[PDB]
Each structure stands twice: as C-alpha cells, then as structure tokens.
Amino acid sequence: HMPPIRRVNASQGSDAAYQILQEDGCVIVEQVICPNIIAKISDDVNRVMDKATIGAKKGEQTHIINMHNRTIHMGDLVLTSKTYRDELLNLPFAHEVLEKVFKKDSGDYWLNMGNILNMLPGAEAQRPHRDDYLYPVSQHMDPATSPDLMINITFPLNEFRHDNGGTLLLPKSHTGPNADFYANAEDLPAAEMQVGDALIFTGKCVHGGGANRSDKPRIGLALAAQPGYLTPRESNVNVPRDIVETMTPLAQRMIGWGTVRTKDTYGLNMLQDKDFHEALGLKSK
C-alpha cells in the first residue's frame, strides 16, 4: 500500500492542514492564495530566467538528489519580485503552520531561501530524498522524535500534474530511520495542483522532483523555512537597506534582517549585544 497525498482547502483552516502534516509529513492546501498574486510573481521570475544557473551550483556534488542540466534552480527572489517581498513572505496561513511547527521545539524561524524550481522539458526525475540532509546534525538525531529542521511550501507557478513532473512524495515516510535509499521515483504519487494552491512538506518527508515528459517547463516556487539557529542557504545582506525598510518586521526577519530567538529565549543574529532592528535603527512597514 502506497498512501495517497491528502488535501485540504485553506478555508478549512491551518489547524486541519497542520494535522495532516503531522500525520503524513506532507499536505496539499488548495486555494491558499489569490492566483493573480502568483501569476504576477511568475511574470517577474520569467523576466529574469535567462540569468539563472543551469544544473549544479559551483562545487556542489549532484548525486544525492540527481541534480542535472535539465533543471534550473533560482534564488535572489527578494530583488526579483516586489510582490514576493510584500505578499508571499507575509501570507498568514503559511505563518500559522510554521509557528505550529517550530515555536515549541525550536523558537523563531526564518527562510533557508526562496527558490524557483524549473524542471525543463525532458527533465529526469530526482532521487527521492530528505531535504534535512542539508544539515549534518539531522543524521545524528532519531527522525521519530527529533525537531523538524525544515518546512517546504511549494507554490506551483503553472499547473502541476504527474506527467509534467509535479513533486513526487512518499506520504507517512517522515518518521522512519535515515537511509541512503528510500524509493524509486516511478513508485511515488505526484502532487497535482493548480496555481493558487500550495504543497507543504517537512524536511523528513521523502520526495523529489518528477520527470517532465511534457514539452513545457514545470515551474514552482519553494518557500523553505527553518529554525533561526540554522544558517540560511541564501544571505540577503546585498539587498539595499531602502528596500528592506519597505518590508514588514516579519518579512524582514524571514530574509535575515532581524534577530531570531531560540525556544530558550537566547538571541541569535544580534548586533552589538542588542536586537538587530534596535542596533541599526532599522525602519519597517
């Protein structure tokens, strides 16, 4: 028995989606965001896609997830899309789920990064994996009882179906032991969703990019968050301060322009022994 990927409408509330996430490691939330906001971000991303790196980043081994040259991953979204900074980073449903995930075990959270996922036509499926492999301490903790190190929220920017490589998932695989092999991609169900929906899954849920056998790119946007005590993959220190001060204090923290407190109350990312905002006199919306 291969468990199905379960779904809720965001009208049912964040408690119900969190419950499915706790039981399965993954949940699809239908109609979580106005599709026109997503289409706007999609246009911004399409404007600059010719700038992104194809395949591997410099020096990064590819064999763990099967990173290959029919895939484009692209960061730098804060400067690419104002709609991303102001609308997506502040989406209340997402923050309700993330606070439920992180606050007790870990404390404040922020982004690992925001990442465009472009599977080009003919893209081969990835090796099903756990995203928390990024952080080596995940290999020293029991998955059944350890805190979650990551939550991925993927918004399709065009329709996701099995045939165009929509994310493959292995529901209820988030409590088993860490392993070097979990499944073959061909045995997993795909997340099939429309623009305005989102897929949420934990850093322990087995998953991977699907095979794109259509003739059009399949593009999603991954809002990936983690405890503040883990180092983001993407820094935002090159974002002009004038632009940071048009963001809310929450979105500022998400992109690393803020102090993050552990569940024990201890501050990280402080400046001159004080709060980040206080030490800079940093303004916000």
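Heads up: residue numbers just count along the shown sequence, starting at 1.
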Quiz item: Would 20-28 or 263-271 have the larger average of its C-alpha temperature factors, as given in the entry?
Solution: 263-271
Quiz item: Which has the higher mean CA temperature factor in the PDB entry, 67-75 or 171-179?
Solution: 67-75
Quiz prompt | Maximum C-alpha temperature factor, selected from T202, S138, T83, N112 | solution = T83
Practice problem: Among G208, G165, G196, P147, single out the one with the highest C-alpha B factor in the record, please. | Solution: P147
Quiz item: For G220, does the deposited CA B-factor place it in the lowest, middle or highest third of the chain?
Solution: lowest
Quiz item: In terms of the CA temperature factor given in the entry, to which third of its chain does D132 belong: lowest, middle or highest?
Solution: lowest
Practice problem: Would you please rank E159 by its C-alpha temperature factor against the other modelled residues of its chain and give the third it falls in: lowest, middle or highest? | Solution: highest
Quiz prompt | For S214, the third of its chain into which the C-alpha B factor falls | solution = middle
Quiz prompt | Third of chain Cα B-factors occupied by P232 | solution = lowest
